[PDB]
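Trainee: This is the structure I have questions about; it appears just below.
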Amino acid sequence: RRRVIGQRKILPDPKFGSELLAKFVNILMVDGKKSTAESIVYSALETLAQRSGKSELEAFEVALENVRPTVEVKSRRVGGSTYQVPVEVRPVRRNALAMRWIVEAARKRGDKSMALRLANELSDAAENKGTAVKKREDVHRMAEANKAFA
Amino acid sequence: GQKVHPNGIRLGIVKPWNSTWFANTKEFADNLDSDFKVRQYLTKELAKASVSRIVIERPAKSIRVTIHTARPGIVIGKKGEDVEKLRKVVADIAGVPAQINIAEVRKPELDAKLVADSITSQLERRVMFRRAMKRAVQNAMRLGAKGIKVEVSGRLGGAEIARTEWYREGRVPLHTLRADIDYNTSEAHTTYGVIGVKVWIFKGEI
Amino acid sequence: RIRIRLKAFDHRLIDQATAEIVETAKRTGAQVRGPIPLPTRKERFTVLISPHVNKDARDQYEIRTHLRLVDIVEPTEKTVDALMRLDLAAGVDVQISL
Amino acid sequence: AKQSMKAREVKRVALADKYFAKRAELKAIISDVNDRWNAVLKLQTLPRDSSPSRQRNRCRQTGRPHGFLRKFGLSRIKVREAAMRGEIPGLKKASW
Amino acid sequence: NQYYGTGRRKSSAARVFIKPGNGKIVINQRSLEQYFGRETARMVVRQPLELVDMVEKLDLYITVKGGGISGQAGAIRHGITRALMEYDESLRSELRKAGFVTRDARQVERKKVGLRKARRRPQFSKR
Amino acid sequence: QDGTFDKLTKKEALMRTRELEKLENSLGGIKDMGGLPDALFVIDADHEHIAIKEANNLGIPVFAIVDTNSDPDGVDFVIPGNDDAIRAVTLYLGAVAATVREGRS
RNA sequence: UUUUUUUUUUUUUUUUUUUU
RNA sequence: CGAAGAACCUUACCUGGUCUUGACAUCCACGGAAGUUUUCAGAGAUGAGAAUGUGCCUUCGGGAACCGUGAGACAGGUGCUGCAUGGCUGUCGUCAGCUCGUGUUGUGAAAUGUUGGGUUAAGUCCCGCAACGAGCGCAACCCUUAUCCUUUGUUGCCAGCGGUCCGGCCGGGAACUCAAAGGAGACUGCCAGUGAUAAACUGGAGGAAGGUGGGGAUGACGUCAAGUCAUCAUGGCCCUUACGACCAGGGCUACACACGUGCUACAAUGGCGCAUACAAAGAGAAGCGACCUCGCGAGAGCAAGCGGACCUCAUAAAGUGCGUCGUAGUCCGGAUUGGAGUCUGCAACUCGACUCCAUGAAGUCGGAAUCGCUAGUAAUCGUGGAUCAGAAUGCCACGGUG
């Protein structure tokens, strides 16, 4: 496994030139069909701005602050039983793993449409109320805590 | 644990054909039934001196049979009454005439076949063939070649006895597709069952 | 657009052939085609001539198997007769059925 | 069933155009369900063992009917050798 | 006077011609917008020619032989690159540095028998 | 001796440049060896190991410059003397290099 | 020289003769 | 399972009819023209009648093409053993193999090149070492790419004009795809950093790949005492009133039980209704078959065509735009059972395979724990092929939204 080749390069969103808004959708896809999934994510960002009447896509961050973790738990039985030690995630990982908990909260969410299951949970996520934020805070209650047991 | 042909895999490389003919889409089948029949009559008419090469060409399906035998004078016979028989019986099956061409087997000592037609004669005496076997090999290699291996299988003792014997008078690199090597085999019997002999003759390096 | 499908066992023997048809036939009319290929079957061929049942001696040969297209605009006999007088080439085939 | 039935195919194999497949070319066209004539068919079905098409076939290079591959012209056991003199041009290293 | 290319990508089969002035993008008898009207890649074909002020200088004419819109977006990349590749030798450094010269050729030593990854040999720190 | 060694691809000839390497440094005073040597001259009986055994096996005369560590029973002529470096074997080699040419008569 | 992540899993019958 | 067709079916077996040169096939003996057609029996093999017929040479000798009856020789079958052996295929092994033609420290089962200093991810590569080198595995040819250079133009194909009766229609010329024959080019190649200016690892100039570029592929000794013991090619041994060969029937599928492969069906990241945008892998004269006639349609029929860009199967699914439910056991569930139809057949019915309506079994997100699947790789989105008088849900192979 000696050679550096270990992650996909992907291209930016069609509007704001950001691989952020692009990895969002490409986490949300779960069944394939991209370009109409990308137009429905573009419909999420307009339903978002109905709340406030401005560039709420700047507040995309002010939700994503609460969904990003510092730590993840992987296979570490080292010490004769389960001895975790999470280790932190490298800077490039903080917000892709936040997209992972935004999409598992959206799947059964219950809101009228899927544009609204994402745009509401982002709204909650800025409120720290969120179900994507609750999963992260669980890990912080878990393995960032278990710093003190390592 | 293998038997690995040097020849056959190499038709255009120092090691020339047993036979070659061009029969077309709906004219092969009878040509193939005739390629065992024409070789069965010849290899029983020529037995008195063997045939190193029993060469079937068919220049216009009519058959140019070139017989490298160690005594052509005995198949020219008393001067050409056998030739007449020899050009009729193989042409009787094939429905076409037969271009009988003769040759000598230039020194059976160094040959691509006639070493196994020493050995398989030796059994027609029924007594101690072991006196002569490995001596025949010796003799052959004294006029030509640079190594030879020999394998003999069959009923070669008494009552119920059945074994295989293996000998090596010189080195043999088993397959080298560049070299003047041959493989051959021949057969013999002894009134109890078979006696089947095999050779590998590393004569030269290219 | 009468397709004379020219075909030889070898590249050697259709080259020798076609270069006379695109000369001979064309002299007064129809712009005669002759180099344009079909799926030329450069295959690997294997026959068993092994003097006993042992390993290999299935001598793998290659082949060329090469076909082209002679094409004429009309049955203009004062230009085309010459290729039909070429009946004496009994060592190439042509399949004119169209 | 080794050789079996060959004689009884042979005895009528060449005349199926005379048991039907030309005998038909006027009387039997009015006998269609396209053309209606209902008393006519019931006298031409009589030929039974030689009603076309029905053919036991002949595997030939094999001496007994261990199938017949109607795409290639040989028995369901023979195939190996095609690859070894020219009969199946498409048989390289299998795709599996 | 004119400059040209052709492409092969998922699965098409497209050509492209550069032409003198007026700056437009004409696929057989219609505009870009009519052919990718929702199809989110659409900018990537006009992007490297809007650098070099196309609007009074070039004109772009296209035709297509098995559509393939999701894959066409790179058949055109390679094609429109072969055209600019004789317009001005200067920009081979811009086309490379922007990825606009690259074309699909690679698998990353993938599976043949069972194992996932299949070129790299046994590795150790002193066996 | 001629140009013919620069045959085939260039890495075929070099793959023998690098035999010639591994062999003329070990072997460059013996290049023929078409008969068996008749006599030997040695300077170590440790570092030269096998040669003294091969020689005593076959019955060869051995001329041997030896120190307080030696085994003199394994030779035909000892010359007791300082074991190693240039000054010692200089002081003997004049008269060896003489006798082996003016002695041809 | 701290080295318990469970203890156990019936018999056979494999064996291409021999003197060198 | 082997059966890629266990109801004529390549017959296991249940039955009966029959035979044991059988069904196929020779060497002499005595003889004959070969066949078309119909009637009646019989389950089939086989039985009883009736008409019409008479070939080519040609010593009228000998006979052919081709059918008899008498002889004496005389025919057969997956029956398995890997172990008489030699092809073949595997999972290991893409380890850079083990041993010898010599020599000799080990008497010999110890590899004896692994030592003793170092090095590289690397049996990498600098030495050192009592070790050579013989050479069949080696240096690699191999096919498809893909990018081009010429010759080139194809049912192709249309760059720029020439006419449009708006069909590349046919004029008209060679950009270039298409097609492809011969082939031909990328190397540490020069630049930034690295360290031993070794080592090779990153980013790049320069590209169609990069440090086997990829995808096919060759699979050496050694292969588990693993198979192909059901075509092997054949030594040792096989049943012969018999494991030999002719023939119509039948029934394999039950069910209380599993248990899983293989299926789906639980509604919106969904579909439902009319409307809009783009590909192809492959197959084809025991063929494939349009338009066009007939339509509730499976399914009838006419009939242009097509031999490999021409004929036809797909008018890939998503997707887009406007309409339509309201979270609803239903509008979807084809599990299935009322009646209604046919393409085949001696033959499918207590045995199907499928077409039209009428339906409505479970339905509602079930845990325990068999391994699917690391990248262009299982979800996701589809097509073909032969066995064969022919319905696999198998597998087999490349494509792509992902």
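Chain labels A, B, ... are given in the sequence in which chains occur in the structure tokens; within each chain residues are numbered consecutively from 1, and ligands are likewise numbered from 1 in the order shown.
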Taking the backbone alone, and naming residues the way the document does, which bits of segment 9-110 of chain A are alpha helix (DSSP H) by DSSP, as a compact mmCIF listing (two decimals) with C-alpha atoms, in the first residue's frame?

Mentor:
```txt
# COMPACT_ATOMS: atom_id res chain seq x y z
CA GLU A 19 -16.42 21.97 -3.55
CA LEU A 20 -18.40 22.40 -0.22
CA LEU A 21 -21.96 22.64 -1.94
CA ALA A 22 -20.73 19.89 -4.35
CA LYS A 23 -19.72 17.22 -1.66
CA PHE A 24 -23.13 17.95 0.08
CA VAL A 25 -25.13 16.71 -2.88
CA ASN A 26 -22.61 13.88 -3.74
CA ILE A 27 -23.21 12.59 -0.09
CA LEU A 28 -27.09 13.00 -0.43
CA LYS A 34 -26.80 13.23 -10.09
CA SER A 35 -27.94 16.37 -12.20
CA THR A 36 -31.67 16.39 -10.86
CA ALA A 37 -30.36 15.71 -7.34
CA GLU A 38 -28.08 18.79 -7.99
CA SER A 39 -31.08 21.01 -9.12
CA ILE A 40 -33.11 19.84 -5.88
CA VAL A 41 -30.12 20.91 -3.66
CA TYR A 42 -30.20 24.21 -5.52
CA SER A 43 -33.96 24.22 -4.50
CA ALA A 44 -32.87 23.66 -0.81
CA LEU A 45 -30.75 26.86 -0.81
CA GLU A 46 -33.75 29.03 -2.07
CA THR A 47 -36.20 27.51 0.47
CA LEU A 48 -33.46 28.28 3.02
CA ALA A 49 -33.47 32.12 2.09
CA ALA A 59 -25.05 31.02 7.22
CA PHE A 60 -24.35 27.55 5.66
CA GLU A 61 -21.18 27.74 7.66
CA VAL A 62 -23.08 29.05 10.86
CA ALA A 63 -24.83 25.65 10.81
CA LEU A 64 -21.86 23.49 9.61
CA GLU A 65 -19.86 24.84 12.74
CA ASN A 66 -22.10 22.71 14.94
CA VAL A 67 -22.06 19.52 12.71
CA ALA A 96 -17.43 15.93 4.71
CA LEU A 97 -18.11 13.91 7.86
CA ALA A 98 -20.82 16.62 8.76
CA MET A 99 -22.46 16.07 5.41
CA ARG A 100 -22.62 12.32 6.46
CA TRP A 101 -24.80 13.20 9.54
CA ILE A 102 -26.96 15.80 7.61
CA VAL A 103 -27.89 12.97 5.12
CA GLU A 104 -28.67 10.32 7.64
CA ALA A 105 -30.98 12.81 9.48
CA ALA A 106 -32.78 13.73 6.15
```

Trainee: Name the residues in contact with residue 33 of chain E at a cut-off of 12 Å, using only C-alpha atoms (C1' of nucleotides), excluding same-chain residues fewer than 5 positions from it; report them as a PyMOL selection string.

Mentor: chain E and resi 24-27+38-43+45-46

Trainee: Within 12 Å of residue 381 of chain H, counting only C-alpha atoms (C1' of nucleotides), which residues show up once you throw out same-chain ones fewer than 4 positions away? Write them as a ChimeraX atom specification, please.

Mentor: /A:31-33 /H:316-318,399-402

Trainee: Please, could you write that set of residues out with N, CA, C and O atoms (P, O5', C5', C4', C3', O3' and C1' of nucleotides) as a PDB file, in the first residue's frame?

Mentor:
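See out_39.pdb below for the written result:
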```pdb
ATOM      1  N   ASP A  31     -28.360   6.622  -4.562  1.00  0.00           N
ATOM      2  CA  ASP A  31     -29.082   5.850  -5.578  1.00  0.00           C
ATOM      3  C   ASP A  31     -28.699   6.257  -7.000  1.00  0.00           C
ATOM      4  O   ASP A  31     -28.998   5.667  -8.024  1.00  0.00           O
ATOM      5  N   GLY A  32     -28.016   7.397  -7.086  1.00  0.00           N
ATOM      6  CA  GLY A  32     -27.116   7.760  -8.280  1.00  0.00           C
ATOM      7  C   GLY A  32     -27.422   9.054  -8.985  1.00  0.00           C
ATOM      8  O   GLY A  32     -26.943  10.086  -8.455  1.00  0.00           O
ATOM      9  N   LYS A  33     -28.255   8.974 -10.072  1.00  0.00           N
ATOM     10  CA  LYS A  33     -28.958  10.016 -10.882  1.00  0.00           C
ATOM     11  C   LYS A  33     -28.536  11.534 -10.860  1.00  0.00           C
ATOM     12  O   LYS A  33     -29.367  12.370 -11.182  1.00  0.00           O
TER      13      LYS A  33
ATOM     14  P     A H 316     -35.614   4.424 -26.663  1.00  0.00           P
ATOM     15  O5'   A H 316     -35.105   3.064 -26.046  1.00  0.00           O
ATOM     16  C5'   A H 316     -33.765   2.932 -25.598  1.00  0.00           C
ATOM     17  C4'   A H 316     -33.667   2.026 -24.326  1.00  0.00           C
ATOM     18  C3'   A H 316     -34.250   2.805 -23.108  1.00  0.00           C
ATOM     19  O3'   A H 316     -35.699   2.565 -23.045  1.00  0.00           O
ATOM     20  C1'   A H 316     -32.097   1.880 -22.630  1.00  0.00           C
ATOM     21  P     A H 317     -36.569   3.666 -22.311  1.00  0.00           P
ATOM     22  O5'   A H 317     -36.207   3.602 -20.722  1.00  0.00           O
ATOM     23  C5'   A H 317     -36.677   2.533 -20.004  1.00  0.00           C
ATOM     24  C4'   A H 317     -36.253   2.867 -18.573  1.00  0.00           C
ATOM     25  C3'   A H 317     -36.580   4.263 -17.951  1.00  0.00           C
ATOM     26  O3'   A H 317     -37.787   4.266 -17.282  1.00  0.00           O
ATOM     27  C1'   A H 317     -34.190   3.677 -17.529  1.00  0.00           C
ATOM     28  P     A H 318     -38.417   5.609 -16.792  1.00  0.00           P
ATOM     29  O5'   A H 318     -37.515   6.053 -15.620  1.00  0.00           O
ATOM     30  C5'   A H 318     -37.210   7.435 -15.362  1.00  0.00           C
ATOM     31  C4'   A H 318     -35.884   7.388 -14.632  1.00  0.00           C
ATOM     32  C3'   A H 318     -35.582   8.678 -13.973  1.00  0.00           C
ATOM     33  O3'   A H 318     -36.359   8.979 -12.783  1.00  0.00           O
ATOM     34  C1'   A H 318     -33.631   7.631 -14.984  1.00  0.00           C
ATOM     35  P     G H 399     -17.020  -2.338 -23.449  1.00  0.00           P
ATOM     36  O5'   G H 399     -18.375  -1.683 -22.811  1.00  0.00           O
ATOM     37  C5'   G H 399     -18.420  -0.383 -22.248  1.00  0.00           C
ATOM     38  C4'   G H 399     -19.891  -0.153 -22.005  1.00  0.00           C
ATOM     39  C3'   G H 399     -20.133   1.154 -21.277  1.00  0.00           C
ATOM     40  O3'   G H 399     -19.882   2.345 -21.982  1.00  0.00           O
ATOM     41  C1'   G H 399     -21.633  -0.559 -20.656  1.00  0.00           C
ATOM     42  P     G H 400     -19.180   3.574 -21.168  1.00  0.00           P
ATOM     43  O5'   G H 400     -20.232   4.232 -20.189  1.00  0.00           O
ATOM     44  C5'   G H 400     -21.467   4.693 -20.660  1.00  0.00           C
ATOM     45  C4'   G H 400     -22.565   4.902 -19.610  1.00  0.00           C
ATOM     46  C3'   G H 400     -22.149   5.701 -18.345  1.00  0.00           C
ATOM     47  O3'   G H 400     -22.169   7.149 -18.566  1.00  0.00           O
ATOM     48  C1'   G H 400     -23.219   3.743 -17.715  1.00  0.00           C
ATOM     49  P     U H 401     -21.842   8.165 -17.414  1.00  0.00           P
ATOM     50  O5'   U H 401     -23.247   8.104 -16.641  1.00  0.00           O
ATOM     51  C5'   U H 401     -24.395   8.873 -17.003  1.00  0.00           C
ATOM     52  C4'   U H 401     -25.409   9.114 -15.852  1.00  0.00           C
ATOM     53  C3'   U H 401     -24.691   9.124 -14.450  1.00  0.00           C
ATOM     54  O3'   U H 401     -24.181  10.404 -14.115  1.00  0.00           O
ATOM     55  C1'   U H 401     -26.832   7.927 -14.381  1.00  0.00           C
ATOM     56  P     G H 402     -22.743  10.494 -13.403  1.00  0.00           P
ATOM     57  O5'   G H 402     -22.848   9.561 -12.075  1.00  0.00           O
ATOM     58  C5'   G H 402     -23.473   9.994 -10.823  1.00  0.00           C
ATOM     59  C4'   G H 402     -23.478   8.840  -9.855  1.00  0.00           C
ATOM     60  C3'   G H 402     -22.139   8.335  -9.322  1.00  0.00           C
ATOM     61  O3'   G H 402     -21.605   9.183  -8.366  1.00  0.00           O
ATOM     62  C1'   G H 402     -23.710   6.492  -9.928  1.00  0.00           C
TER      63        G H 402
END
```

Trainee: May I have the residues within 9 Å of segment 13-16 of chain D as a count of residues only, using only C-alpha atoms (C1' of nucleotides) and disregarding those fewer than 2 positions away in the same chain?

Mentor: 14

Trainee: Once you count only C-alpha atoms (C1' of nucleotides), which residues of chain H turn out to be within 12 Å of chain F? Could you give them as number ranges by chain?

Mentor: H: 103-105, 127, 129-131, 139

Trainee: Filtering to N, CA and C atoms (P, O5', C5', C4', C3', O3' and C1' of nucleotides), could you give me those residues as a PDB file, in the first residue's frame?

Mentor:
```pdb
ATOM      1  P     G H 103      33.980 -34.927 -10.049  1.00  0.00           P
ATOM      2  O5'   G H 103      34.501 -33.804  -9.006  1.00  0.00           O
ATOM      3  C5'   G H 103      35.697 -33.038  -9.096  1.00  0.00           C
ATOM      4  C4'   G H 103      35.583 -31.908  -8.089  1.00  0.00           C
ATOM      5  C3'   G H 103      35.680 -32.318  -6.626  1.00  0.00           C
ATOM      6  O3'   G H 103      37.065 -32.322  -6.216  1.00  0.00           O
ATOM      7  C1'   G H 103      33.887 -30.721  -7.071  1.00  0.00           C
ATOM      8  P     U H 104      37.553 -33.283  -5.086  1.00  0.00           P
ATOM      9  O5'   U H 104      36.790 -33.071  -3.665  1.00  0.00           O
ATOM     10  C5'   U H 104      36.960 -31.895  -3.002  1.00  0.00           C
ATOM     11  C4'   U H 104      35.835 -31.601  -2.026  1.00  0.00           C
ATOM     12  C3'   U H 104      35.793 -32.684  -0.931  1.00  0.00           C
ATOM     13  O3'   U H 104      36.721 -32.587   0.128  1.00  0.00           O
ATOM     14  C1'   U H 104      33.608 -31.956  -1.629  1.00  0.00           C
ATOM     15  P     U H 105      36.642 -33.507   1.422  1.00  0.00           P
ATOM     16  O5'   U H 105      35.913 -32.467   2.388  1.00  0.00           O
ATOM     17  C5'   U H 105      36.625 -31.573   3.232  1.00  0.00           C
ATOM     18  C4'   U H 105      35.624 -30.818   4.057  1.00  0.00           C
ATOM     19  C3'   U H 105      34.639 -31.635   4.934  1.00  0.00           C
ATOM     20  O3'   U H 105      35.049 -32.113   6.214  1.00  0.00           O
ATOM     21  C1'   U H 105      33.589 -29.786   3.809  1.00  0.00           C
ATOM     22  P     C H 127      31.360  -3.664  -6.115  1.00  0.00           P
ATOM     23  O5'   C H 127      31.789  -4.109  -4.704  1.00  0.00           O
ATOM     24  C5'   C H 127      32.521  -5.247  -4.413  1.00  0.00           C
ATOM     25  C4'   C H 127      32.395  -5.590  -2.931  1.00  0.00           C
ATOM     26  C3'   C H 127      33.185  -6.797  -2.392  1.00  0.00           C
ATOM     27  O3'   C H 127      34.646  -6.666  -2.203  1.00  0.00           O
ATOM     28  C1'   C H 127      31.064  -6.523  -1.341  1.00  0.00           C
ATOM     29  P     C H 129      36.605 -12.841   1.707  1.00  0.00           P
ATOM     30  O5'   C H 129      35.474 -13.937   1.581  1.00  0.00           O
ATOM     31  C5'   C H 129      34.879 -14.494   2.698  1.00  0.00           C
ATOM     32  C4'   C H 129      33.814 -15.525   2.249  1.00  0.00           C
ATOM     33  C3'   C H 129      34.401 -16.638   1.432  1.00  0.00           C
ATOM     34  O3'   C H 129      35.080 -17.360   2.496  1.00  0.00           O
ATOM     35  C1'   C H 129      32.189 -16.061   0.748  1.00  0.00           C
ATOM     36  P     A H 130      36.570 -17.928   2.249  1.00  0.00           P
ATOM     37  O5'   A H 130      36.343 -18.738   0.891  1.00  0.00           O
ATOM     38  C5'   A H 130      35.447 -19.798   0.952  1.00  0.00           C
ATOM     39  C4'   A H 130      35.364 -20.562  -0.434  1.00  0.00           C
ATOM     40  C3'   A H 130      33.967 -21.135  -0.681  1.00  0.00           C
ATOM     41  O3'   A H 130      33.045 -20.085  -1.030  1.00  0.00           O
ATOM     42  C1'   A H 130      35.532 -22.838  -1.197  1.00  0.00           C
ATOM     43  P     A H 131      31.628 -20.358  -1.514  1.00  0.00           P
ATOM     44  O5'   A H 131      32.012 -20.371  -3.068  1.00  0.00           O
ATOM     45  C5'   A H 131      32.735 -19.397  -3.763  1.00  0.00           C
ATOM     46  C4'   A H 131      32.789 -19.573  -5.292  1.00  0.00           C
ATOM     47  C3'   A H 131      31.384 -19.499  -5.882  1.00  0.00           C
ATOM     48  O3'   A H 131      31.529 -19.086  -7.229  1.00  0.00           O
ATOM     49  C1'   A H 131      32.285 -21.590  -6.217  1.00  0.00           C
ATOM     50  P     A H 139      12.290 -11.713 -17.080  1.00  0.00           P
ATOM     51  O5'   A H 139      12.760 -10.533 -17.997  1.00  0.00           O
ATOM     52  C5'   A H 139      12.815 -10.601 -19.442  1.00  0.00           C
ATOM     53  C4'   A H 139      13.977  -9.618 -19.840  1.00  0.00           C
ATOM     54  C3'   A H 139      13.807  -9.219 -21.270  1.00  0.00           C
ATOM     55  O3'   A H 139      14.065  -7.836 -21.334  1.00  0.00           O
ATOM     56  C1'   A H 139      15.930 -10.103 -20.826  1.00  0.00           C
TER      57        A H 139
END
```

Trainee: Based on only C-alpha atoms, which of the residues in chain B come within 12 Å of chain C? I want them as a list in words.

Mentor: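 Every residue meeting the condition is included here: residues 1, 2, 3, 4, 5, 6, 7, 8, 9, 10, 11, 12, 13, 15, 16, 17, 18, 19, 20, 175, 177, 182, 183, 184, 185, 186 and 198 of chain B.
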
Trainee: When you draw a straight line from atom CA of residue 9 of chain C to atom CA of residue 65 of chain C, how long is it in Å?

Mentor: 4.8 Å

Trainee: Could you list, as a ChimeraX atom specification, every residue within 12 Å of residue 34 of chain D, counting only C-alpha atoms (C1' of nucleotides) and ignoring same-chain residues fewer than 2 positions away?

Mentor: /D:28-32,36-38 /H:294,300-302

Trainee: Can you list, as a VMD selection string, every protein, DNA or RNA residue that comes within 12 Å of segment 68-78 of chain F when you count only C-alpha atoms (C1' of nucleotides), leaving out same-chain residues fewer than 2 positions away?

Mentor: chain F and resid 39 to 46 51 to 57 59 to 66 80 to 83

Trainee: How far is it from atom CA of residue 34 of chain F to atom CA of residue 47 of chain F, in Å with one decimal?

Mentor: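 Answer for the atom CA of residue 34 of chain F to atom CA of residue 47 of chain F separation: 27.0 Å.
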
Trainee: DSSP on the backbone: which residues in segment 1-124 of chain E end up as strand (DSSP E or B)? Give the answer as a PyMOL selection string.

Mentor: chain E and resi 3-9+12-18+25-27+30-31+60-64+110+117

Trainee: Can I get the selection written as a short mmCIF file (atom, residue, chain, number, x, y, z; two decimals), in the first residue's frame, with N, CA and C atoms?

Mentor:
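Final output, part.cif:
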```
data_model
loop_
_atom_site.label_atom_id
_atom_site.label_comp_id
_atom_site.auth_asym_id
_atom_site.auth_seq_id
_atom_site.Cartn_x
_atom_site.Cartn_y
_atom_site.Cartn_z
N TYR E 3 -9.83 25.84 -37.46
CA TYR E 3 -9.11 24.90 -36.67
C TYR E 3 -10.09 23.94 -35.94
N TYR E 4 -9.63 22.73 -35.65
CA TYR E 4 -10.62 21.55 -35.59
C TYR E 4 -10.25 20.43 -34.66
N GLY E 5 -11.27 19.67 -34.17
CA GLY E 5 -11.04 18.42 -33.53
C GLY E 5 -12.30 17.51 -33.48
N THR E 6 -12.07 16.29 -32.93
CA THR E 6 -13.11 15.22 -32.63
C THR E 6 -12.88 14.52 -31.32
N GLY E 7 -13.95 13.96 -30.68
CA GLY E 7 -13.72 13.30 -29.31
C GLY E 7 -14.38 11.91 -29.24
N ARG E 8 -14.09 11.08 -28.19
CA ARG E 8 -14.62 9.72 -27.78
C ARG E 8 -14.71 9.68 -26.20
N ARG E 9 -15.92 9.85 -25.55
CA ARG E 9 -16.16 9.86 -24.06
C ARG E 9 -17.63 9.53 -23.80
N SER E 12 -20.07 9.24 -26.75
CA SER E 12 -19.95 9.95 -27.98
C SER E 12 -18.56 10.35 -28.38
N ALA E 13 -18.16 10.69 -29.60
CA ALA E 13 -18.72 10.79 -30.99
C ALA E 13 -19.23 12.19 -31.43
N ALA E 14 -18.44 13.22 -31.19
CA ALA E 14 -18.72 14.67 -31.45
C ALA E 14 -17.46 15.28 -32.25
N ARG E 15 -17.75 16.34 -33.05
CA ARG E 15 -16.77 17.22 -33.73
C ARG E 15 -17.02 18.65 -33.38
N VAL E 16 -16.00 19.48 -33.63
CA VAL E 16 -16.04 20.88 -33.34
C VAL E 16 -15.14 21.67 -34.27
N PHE E 17 -15.65 22.79 -34.81
CA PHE E 17 -14.89 23.70 -35.72
C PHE E 17 -14.73 25.20 -35.17
N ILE E 18 -13.52 25.74 -34.99
CA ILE E 18 -13.29 27.19 -34.73
C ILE E 18 -13.34 27.97 -36.03
N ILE E 25 -21.89 29.78 -30.32
CA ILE E 25 -21.82 28.30 -30.13
C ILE E 25 -23.01 27.58 -30.75
N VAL E 26 -22.87 27.02 -31.99
CA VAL E 26 -23.90 26.47 -32.88
C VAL E 26 -23.80 24.97 -33.14
N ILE E 27 -24.63 24.22 -32.48
CA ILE E 27 -24.75 22.77 -32.60
C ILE E 27 -25.83 22.50 -33.67
N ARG E 30 -28.86 24.80 -33.83
CA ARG E 30 -29.39 25.37 -32.53
C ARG E 30 -28.31 25.79 -31.59
N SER E 31 -28.67 26.50 -30.50
CA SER E 31 -27.75 27.02 -29.44
C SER E 31 -27.43 26.03 -28.33
N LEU E 60 -17.69 29.35 -32.89
CA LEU E 60 -17.67 27.87 -32.59
C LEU E 60 -18.92 27.08 -33.17
N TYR E 61 -18.72 26.10 -34.07
CA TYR E 61 -19.77 25.34 -34.78
C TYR E 61 -19.54 23.88 -34.46
N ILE E 62 -20.60 23.08 -34.16
CA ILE E 62 -20.53 21.70 -33.53
C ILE E 62 -21.49 20.76 -34.34
N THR E 63 -21.12 19.49 -34.37
CA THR E 63 -22.07 18.45 -34.74
C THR E 63 -21.75 17.08 -34.17
N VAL E 64 -22.81 16.33 -33.96
CA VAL E 64 -22.91 15.17 -33.06
C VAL E 64 -23.67 13.93 -33.67
N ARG E 110 -6.43 -2.20 -10.91
CA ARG E 110 -7.59 -2.89 -10.33
C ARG E 110 -7.60 -4.43 -10.55
N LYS E 117 -6.56 -4.58 -5.59
CA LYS E 117 -5.31 -3.95 -6.09
C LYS E 117 -4.19 -4.99 -6.45
#
```

Trainee: May I ask you to extract the residues of chain B within 12 Å of chain H, using only C-alpha atoms (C1' of nucleotides), and to give them as a VMD selection string?

Mentor: chain B and resid 1 to 6 147 153 to 155 160 to 164 168 170 to 179 193 to 196 205

Trainee: Got a sec: who's within 10 Å of segment 94-107 of chain E, counting only C-alpha atoms (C1' of nucleotides), leaving out chain neighbours fewer than 5 positions off, as a ChimeraX atom specification?

Mentor: /E:7-10,44,48,74-75,77-82,84-85 /H:145-146,204-209,213-215,375-376

Trainee: With a cut-off of 9 Å and counting only C-alpha atoms (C1' of nucleotides), select all residues of chain H in contact with chain D and give the selection as a ChimeraX atom specification.

Mentor: /H:10,23-24,231,245-246,286,300-301,386-389,396-397

Trainee: Using 10 Å as the limit and counting only C-alpha atoms (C1' of nucleotides), can you tabulate each residue of chain C that touches chain H, with its shortest atom-to-atom distance in Å and the two atoms involved, as a tab-separated table?

Mentor:
```
residue	atom	partner	partner_atom	distance
C:1	CA	H:155	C1'	9.3
C:3	CA	H:154	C1'	9.4
C:11	CA	H:181	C1'	8.9
C:33	CA	H:153	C1'	7.7
C:34	CA	H:153	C1'	9.1
C:35	CA	H:152	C1'	7.3
C:36	CA	H:153	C1'	6.3
C:37	CA	H:180	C1'	6.3
C:38	CA	H:179	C1'	7.8
C:39	CA	H:180	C1'	8.1
C:40	CA	H:181	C1'	8.6
C:52	CA	H:86	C1'	8.8
C:53	CA	H:87	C1'	5.5
C:54	CA	H:87	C1'	5.4
C:55	CA	H:87	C1'	6.1
C:56	CA	H:87	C1'	8.1
C:66	CA	H:181	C1'	9.0
C:68	CA	H:154	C1'	9.5
C:69	CA	H:154	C1'	7.5
C:70	CA	H:154	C1'	9.5
C:71	CA	H:154	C1'	8.5
```
